[PDB]
């Protein structure tokens, strides 16, 4: 009833209305292992939970006891599960619950169970009207929160909410173009809307990507996107690009462009392109510039790449 941090907070044993129920101690065995020295405020609430649960007292009061148990350890799925058992059985205001979880997810955004709970609620109500707005608020405090982005992808796909996600992405890339979670959301939207088969779309994307690379050449996320949207369909399938990059070599040649280059040749030595040997040398030469001067951390990778480019080509 009274919040765990309130000055006038009283343990559960010292509470009247909780007298008829005996506290159930935790059974850790004769000589425990990894036995946590729980604080008194902690051990109290759970000793009482182990009770209403051990009885399955699907009572309204045990429903209130769940909030406190969840507060002390939001990661307790046993408690959360029993909270949904009571949620149903006592027919509580699912609209009041959304209000709860919103505050919990706000105070403990990086927790698994808080988010899963919110889903179950949206499902039950079959109502996502507050979703986007809420996830954007959490994301506003942490643009990369995984649990957030995952819940966001669910909403959209479940309730056909693609309409504004792209614009959302664009806004967030503005704020931080290095946000790899938003470049992922970008691929997500498109893939389930226009797809990248449409030349006008694919077209727009490459320019935008390129413009971002130009704007911030060392932001790996953009390179990755460019690669992801072209790679499987065939880099060798788009000749201009190969050149439009080896024309920025002087003013831009970070290890990211050199690396992309090697990516392109490898696809040529695949679909078979003229001067199959001139390429090989253009690739090996590059693997060593990487494995020796510009990407020494990846030397064992590039050494293998080169070795494979021969091995299997020749």
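Numbering follows the first chain given and starts at 1. Rigid core here is just the name for the largest C-alpha set that superposes within 1.5 Å across the two forms.
Novice: Which stretch is less alike in 8 other deposited structures of this protein, 282-290 or 248-256, counting RMS CA distance after the rigid core is superposed?
Specialist: Per-stretch check in 8 other deposited structures of this protein: the more divergent one is 248-256.
Novice: Out of 115-123 and 240-248, which stretch has the higher average CA B-factor listed in the record?
Specialist: Averaging CA B-factors over each stretch, the winner is 240-248.
Novice: With reference to the PDB entry, specify whether the mean Cα temperature factor is higher for 138-146 or for 196-204.
Specialist: Looking at the record's C-alpha B-factors, the answer is 196-204.
Novice: Looking at 102, 231, 91, 184, which one carries the largest C-alpha B-factor according to the PDB entry?
Specialist: Going by the entry's C-alpha B-factors, 231 comes out highest.
Novice: Compare the C-alpha B factor of residue 260 with those of the other modelled residues in its chain, then answer lowest, middle or highest third.
Specialist: For residue 260, the deposited C-alpha B-factor lands in the middle third.
Novice: When the modelled residues of the chain are sorted by Cα temperature factor, does residue 39 land in the lowest, middle or highest third?
Specialist: Residue 39: CA B-factor falls in the lowest third of its chain.
Novice: Considering only modelled residues of the same chain, in which third does the CA B-factor of residue 19 rank: lowest, middle or highest?
Specialist: Middle third.
Novice: Residue 289: which third of its chain by C-alpha temperature factor?
Specialist: It belongs to the highest third of the chain when residues are ordered by C-alpha B-factor.
Novice: Ordered by C-alpha B-factor within the chain, which third holds residue 213? Give me lowest, middle or highest, please.
Specialist: According to the entry, residue 213 has a C-alpha B-factor in the chain's highest third.
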